[PDB]
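Below: one structure, written as structure tokens.
Naming: A, B, ... by sequence-line order, numbering from 1 per chain.
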4 protein chains.
Amino acid sequence: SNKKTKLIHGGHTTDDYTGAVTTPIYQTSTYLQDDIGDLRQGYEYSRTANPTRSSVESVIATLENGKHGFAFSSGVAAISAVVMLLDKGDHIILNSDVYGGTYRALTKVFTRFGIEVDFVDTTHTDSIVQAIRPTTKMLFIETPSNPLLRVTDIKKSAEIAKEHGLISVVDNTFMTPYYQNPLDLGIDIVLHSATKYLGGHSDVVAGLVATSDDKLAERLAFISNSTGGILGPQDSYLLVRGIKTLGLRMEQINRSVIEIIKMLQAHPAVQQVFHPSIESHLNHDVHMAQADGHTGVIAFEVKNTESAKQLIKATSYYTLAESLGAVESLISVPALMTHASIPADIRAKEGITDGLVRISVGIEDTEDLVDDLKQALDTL
Amino acid sequence: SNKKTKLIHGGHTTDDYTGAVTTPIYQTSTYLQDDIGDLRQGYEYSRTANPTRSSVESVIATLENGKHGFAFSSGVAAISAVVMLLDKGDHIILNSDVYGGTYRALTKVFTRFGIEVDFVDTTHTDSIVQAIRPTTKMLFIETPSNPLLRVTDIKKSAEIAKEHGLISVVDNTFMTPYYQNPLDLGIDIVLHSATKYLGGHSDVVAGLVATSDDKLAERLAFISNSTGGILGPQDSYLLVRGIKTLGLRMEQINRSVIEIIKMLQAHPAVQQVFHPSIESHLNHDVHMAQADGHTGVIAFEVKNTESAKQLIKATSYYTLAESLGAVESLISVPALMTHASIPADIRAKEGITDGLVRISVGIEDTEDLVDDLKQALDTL
Amino acid sequence: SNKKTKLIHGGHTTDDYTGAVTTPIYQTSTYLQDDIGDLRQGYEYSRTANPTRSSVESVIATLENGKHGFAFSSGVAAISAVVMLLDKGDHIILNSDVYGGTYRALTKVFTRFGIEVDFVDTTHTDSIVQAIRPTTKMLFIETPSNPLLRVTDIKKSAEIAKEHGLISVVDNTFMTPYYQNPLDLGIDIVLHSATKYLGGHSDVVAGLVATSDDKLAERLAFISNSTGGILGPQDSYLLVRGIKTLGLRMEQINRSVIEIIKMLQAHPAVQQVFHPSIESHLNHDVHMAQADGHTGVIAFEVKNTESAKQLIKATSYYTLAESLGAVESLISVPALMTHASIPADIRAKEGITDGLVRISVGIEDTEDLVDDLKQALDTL
Amino acid sequence: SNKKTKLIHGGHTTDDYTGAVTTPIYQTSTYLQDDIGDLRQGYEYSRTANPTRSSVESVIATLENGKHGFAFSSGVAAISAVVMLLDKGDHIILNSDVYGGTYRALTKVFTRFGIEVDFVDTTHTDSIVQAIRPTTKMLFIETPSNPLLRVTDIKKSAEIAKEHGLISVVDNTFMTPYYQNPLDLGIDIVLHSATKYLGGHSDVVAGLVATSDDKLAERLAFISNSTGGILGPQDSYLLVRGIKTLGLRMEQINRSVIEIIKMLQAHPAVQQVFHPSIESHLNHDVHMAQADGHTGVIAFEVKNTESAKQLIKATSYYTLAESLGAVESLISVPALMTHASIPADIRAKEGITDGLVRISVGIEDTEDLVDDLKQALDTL
Ligand SMILES: O=C(O)CNC(=O)Cn1ccc2ccc(Br)cc21
Ligand SMILES: O=C(O)CNC(=O)Cn1ccc2ccc(Br)cc21
Ligand SMILES: O=C(O)CNC(=O)Cn1ccc2ccc(Br)cc21
Ligand SMILES: O=C(O)CNC(=O)Cn1ccc2ccc(Br)cc21
Ligand SMILES: O=C(O)CNC(=O)Cn1ccc2ccc(Br)cc21
Ligand SMILES: O=C(O)CNC(=O)Cn1ccc2ccc(Br)cc21
Ligand SMILES: O=C(O)CNC(=O)Cn1ccc2ccc(Br)cc21
Ligand SMILES: O=C(O)CNC(=O)Cn1ccc2ccc(Br)cc21
Ligand code: NA
Ligand code: NA
Ligand code: NA
Ligand code: NA
Ligand code: NA
Ligand code: NA
Ligand code: NA
Ligand code: NA
């Protein structure tokens, strides 16, 4: 019925054989056959299928209201498998500010294989329509994006893709299946870096993909079996375990996000704040129409580099590290950490200022996170 | 000094911090930074590098006398990363009977990206010279091959690749680093399905790659970080653990291989036997010059399908399952299991007869394995 | 500062060496020494100490405001280590309705070693005073107890123990450190079955012990090292991971407990309800004075055995299984499952009626759990 | 049939459900019941039984030719469970030089519970007969012992125990089930620190117990369930995995032991050598009659403390660390590490001289281990 119940009882995460209430960890590569070709339970070689991996795949398919799930060794392995649905000469449209790893994979790996890409401003969906070429085969969007949290209309993107015969893909990492379900809005394929919120404990690198399309699922299964970027069984188990608390974790994160944004907007040492919950944020209405909650990633401007570094050093409960979706609140400076190779003037033009700080809100007490960030900002 | 000592003390497989005599399992995705950009020990995000994975990479680099190691989520993920060194329009030469997964990846995935491939009989190395095109960039060989154990001259292949400016790659799965070291013979890149002998216990799916070439290593590291087919930390740990006994396991397997082949050659229900240790085997001399032991994979002909099935049912110590390199002796029928989609007449032309049986010799007692297979053959 | 923050940042659960934001899993038995007797980081043999186990021990010591933590292979191993503080001829007072495993250990194992025990009604603390013998050395209490949730005054029990020179022990499993902190109320030793709420995911069997007493800690460390009921490193890691969400899980459980109790009290198919939150419950005031929340275990009477079985079969979201503290809501019938060997008339005298049902509330949606249990009760 | 085959195919170490060729890791605490009291496969709570633990228990029962196996959290937890078969007032006879942890457990823990113990020289079995008291209930022997490798006659000890109504127990750690099978010689209970040779990779702390006696098995199962020193599932899995190579590892170790002893006997810097393979060793004939191989533990005298330390520093392939049964060769000095709290004059009287060195031979190349130790001794 309701989402918190579905997180516990959705998917197949018990052992039919013993009744174990958690998925057994099948640390195994191969399986006995009683007769040549007769598989006891459908398993024959762990690259092709492994029962613990099948469990986490059933979970992500259930949570995204899809039919087929796929677990990969990383988020970018999931993205690469999806891109491999295309051939040399095919074209992809993506949002302009896609994740740096996605940008790198597309422009430094897959363009060498003849895949063509264009990065356009999808916050106006007619930009997608203009960018469609006779060779376009795929539309790939993140919403909200990193680190400025730009929002793209999922339902309209799906309609455009359907009209023009494109495979539509949404990277749903930042919102999770708890708040945003792209397959329900007509999208062909949804994917996640499960490294972030889904695992939730900063202890698994993994990607997850879900679809309702039987033919796309067959193609993805073939790509996974042939290029072999599969998630192992221990990591699959830890993902299943982490997903159990996704609802509680996201709800705590959201309570803190709301109070933190209030504080940041009031604080004189903070300038622009970037988050889709802010009513003046571009496509705020679109976000609220396609999601019933918020990501825990917030970006905001302080004055300069020295102020950003001082902010990081003055906090007690914000941890300097890469990644997001931890139980810990994480803090970073995109201009120094993720966008550092981009020329400074171009960073500034794109809004990635020296003083732009990104936080990924964790599950600490809300009052503590607000007070800690506020007292640290008071030292500026 | 000697190989069995190198297996124990080669590579870095202890904890410098606590002194733990085994590699800690870093079930983690990200790492604290004390200052922005300052990494305590060089780690920042587990997709890019993870200390347990670094341990297994150091092991495979040491055992193959290379400088750089890479651990992937599967053997075919290692192969795919190596193929991704090339661009659309580049050409690869491979041996004619390459592993089915390699054949599938190349002809159903990478040809869609404009990679061109030719499968030629590399048992005569002048066949390679004839097949070189102006666009050829890579030579990829297995030796010995599956399931007929064809042998290719590694040193001559390396010389040809060097003269013609090709990247040379050897899939060294069947021989392992214990018996055959392609990098020592001039090969650029060596790779393994660690799923087989290296892990050794049928409980990890994994690939390993080693090279001495700094530039190829940089390119492989970029591909691994960008497409993300990385091995997780638990599987990395189990690989390090399994490799400790590689020498003892391979030596037991070899003692059994020799006695089993004697039995098969004497038995009236067995026709042709395929293994590089047989003195009339093509390129037997080449194999003995480039390896100081043998693979545990043997193929041999019985009369027909019914005889093969009866053989499988009559054995007590041979287990019907996919894969090789277990501690258990495994048995299979290629025409029914791995080559089944190929037309029967073409199978026969290629020597994959209905009665061709493949065994992967395990570490059971030699007398038991000989006697068991012999008594089972006596029922034919 | 606040409890939810302490759950994330309390204890030492990162790697000082690499900066890994999770505790490495030291799957190791022994440690290099650079010189005889010189330990790099204090580790020499994993039975004596293991760094992953040290992490979970630091967590439980922090959460209970103690100084020393100890991790055992099970809750009853923790209890047995604590009982082994005593000698033949020493006497223990315990509450009358102590956990069945504790009762069994004391009356079938430790009485064979000359430990004397008396089980008295500790809901009136003067019962403890009367039961003190010249040989009494320990007072061991659970609060609230199972399955009728009897409450014992912790502060008064600690005062009695101090005045009479007894070691005071509280089994704090049902309340967890999130709601009840016996060491703060003067108790010498607090212990948990971490199998229940602390691990929280039904996937670790483990016990945890904490104390502020240096001498008791030294004695417990000696007992643990000598009898060896230690928690392994993988289970220690999973405990550390599970504890991160303890606050969120307990708070969800408590919201559901309150609404479920309202429903049960209103329902005509339910008679007596047992839970310390009910204002007419014995020692309700005492509980509220020593805890700031509630356990998720509730017991309630339906008519008979057939009604209890029908209730179990009619629910969709209550799972029939042993144990408590899962993410799933669990349901059981003590008279058939835990108290079955006790004569029926004695069960009835003790209030363990044929129709007594115990539920352990999980983290499913509150409305779903209420509605599901209510519709199932409507079928009676 | 033969031992190396039994190590692979003995016990139940596959999954009947999926056919997985390795034992699944049941990281779980509890199990679904379809009806109250109906267990799908006999599992209800992991402390009582866990399927991965059941696998390793089946292995040790098979390898020792027993009927029942038990897996504990450590060797000393197995020993403690066995001692708990007795009551206050019962007496145990043990060999004089029993393992220090066993000595400590008995004399500092179990004597506080009224168990009486005597440590006698069991190398003459009539010493046992003299030591029998009217209250003696158990005879507990190690053979060979540590660190001087004293040998006790197992068959005669079993006969004495049977005649006098004693439970007979052999700690078979040093020999392993590969070479010595006490249950076959009439002993009631055999136990191991699986931390040593059985796990074999210095990465599990664990104990194992086997018996053929149904009544002793019932009592041990009750003790394990009640005091809870159980082995967890990950450690159980790693034990099953390590045992696969026990035969190969022990045989390599034995080849090295023989050559190393030859070297030590010839070397002028070495005085007495202690190992049961030496023909002048006390009870050499007894050992050869009850075992068909040797332990890898050897002790030998060099001149003094400084010589022992120099030996340790001069070796390349001998590692200073506690424990034995690693894949690495380990070296230690009992007088400084295990026997240090004993007065120096008493150490000398017992033969634990300042220059007594203990090595635990690993699986490195035999020539390397011989040459390394010899060149290190040459520096003295
Ligand atoms: O949760 C929501 O609000 C909407 N989700 C649904 O469509 C309900 N739903 C679909 C599959 C499924 C499995 C278990 C449970 Br419990 C609920 C389930
Ligand atoms: O690593 C990350 O997450 C940052 N991602 C990128 O580098 C994306 N990207 C690619 C070209 C480019 C130019 C300006 C800006 Br602003 C961003 C750009
Ligand atoms: O082993 C052989 O026969 C040949 N191999 C070698 O080149 C020796 N060798 C190279 C690196 C290295 C590390 C540890 C040990 Br121990 C030996 C090592
Ligand atoms: O799956 C496996 O291991 C078998 N590998 C293959 O299918 C390789 N392969 C590809 C075309 C082809 C034609 C005849 C024969 Br014979 C083999 C062929
Ligand atoms: O949490 C409460 O209400 C009371 N607890 C405390 O006494 C606060 N406290 C004690 C140790 C400690 C470590 C980290 C953090 Br964050 C808070 C800590
Ligand atoms: O297993 C469990 O949890 C139940 N625990 C017990 O059996 C405790 N216990 C011991 C004697 C006794 C008599 C009546 C009643 Br009511 C309970 C009793
Ligand atoms: O191995 C020896 O020399 C003696 N051992 C035996 O008594 C043979 N034996 C007993 C049980 C059993 C299970 C599998 C295999 Br294979 C062999 C087995
Ligand atoms: O720790 C270890 O392994 C060493 N074991 C012991 O301490 C055993 N032990 C107990 C009293 C005693 C007196 C002399 C000698 Br010699 C040994 C003695
Ligand atoms: Na489910
Ligand atoms: Na659709
Ligand atoms: Na090393
Ligand atoms: Na080279
Ligand atoms: Na902390
Ligand atoms: Na106190
Ligand atoms: Na078996
Ligand atoms: Na017997």
Could you tell me whether a side-chain N or O of [X] sits under 3.5 Å from a main-chain N or O of [Y], the two making a donor and an acceptor?
{"X": "C:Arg112", "Y": "D:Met84", "value": "yes"}
{"X": "C:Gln27", "Y": "D:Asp203", "value": "yes"}
{"X": "D:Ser29", "Y": "C:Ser202", "value": "yes"}

Counting heavy-atom pairs under 4.5 Å with chain C, which one of [options] comes out on top?
{"options": "D:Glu322, D:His201, D:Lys108", "result": "D:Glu322"}
{"options": "D:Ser80, D:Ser73, D:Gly199", "result": "D:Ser73"}
{"options": "D:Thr102, D:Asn50, D:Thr195, D:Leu330", "result": "D:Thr195"}

Between C:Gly228 and D:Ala77, what is the shortest heavy-atom contact and its length?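 Nearest heavy atoms, C:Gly228 then D:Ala77: O-CB, 3.6 Å.
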Which atoms of D:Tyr45 come close to chain C, meaning under 4.5 Å heavy atom to heavy atom: side chain ones, backbone ones, both, or neither?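 Just its side chain gets close to chain C.
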I need the [X] [atom1] to [Y] [atom2] distance, nearest 0.5 Å.
{"X": "D:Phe110", "Y": "C:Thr227", "atom1": "CZ", "atom2": "OG1", "answer": "6.5 Å"}
{"X": "C:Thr30", "Y": "D:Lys196", "atom1": "OG1", "atom2": "NZ", "answer": "9.5 Å"}
{"X": "C:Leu86", "Y": "D:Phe113", "atom1": "CG", "atom2": "CZ", "answer": "7.5 Å"}
{"X": "C:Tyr103", "Y": "D:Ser226", "atom1": "OH", "atom2": "OG", "answer": "12.5 Å"}

Partner chain D: residue of C:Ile79, C:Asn225, C:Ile223, C:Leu238 with the largest heavy-atom pair count (under 4.5 Å):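 Highest number of pairs under 4.5 Å: C:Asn225.
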Which one, C:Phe72, C:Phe222, C:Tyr26, leads in non-hydrogen pairs under 4.5 Å with chain D?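 Heavy-atom pair counts peak at C:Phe222.
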side-chain contact (heavy atoms from CB on, under 4.5 Å) between C:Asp235 and D:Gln234, intermediate numbers included: CA-CA 8 Å; C:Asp235 293 302; D:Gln234 187 69 36; 5.8 Å; no
Check C:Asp35 with D:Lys313, please: is the shortest side-chain N to carboxylate O separation under 4.0 Å?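 Salt bridge: yes.
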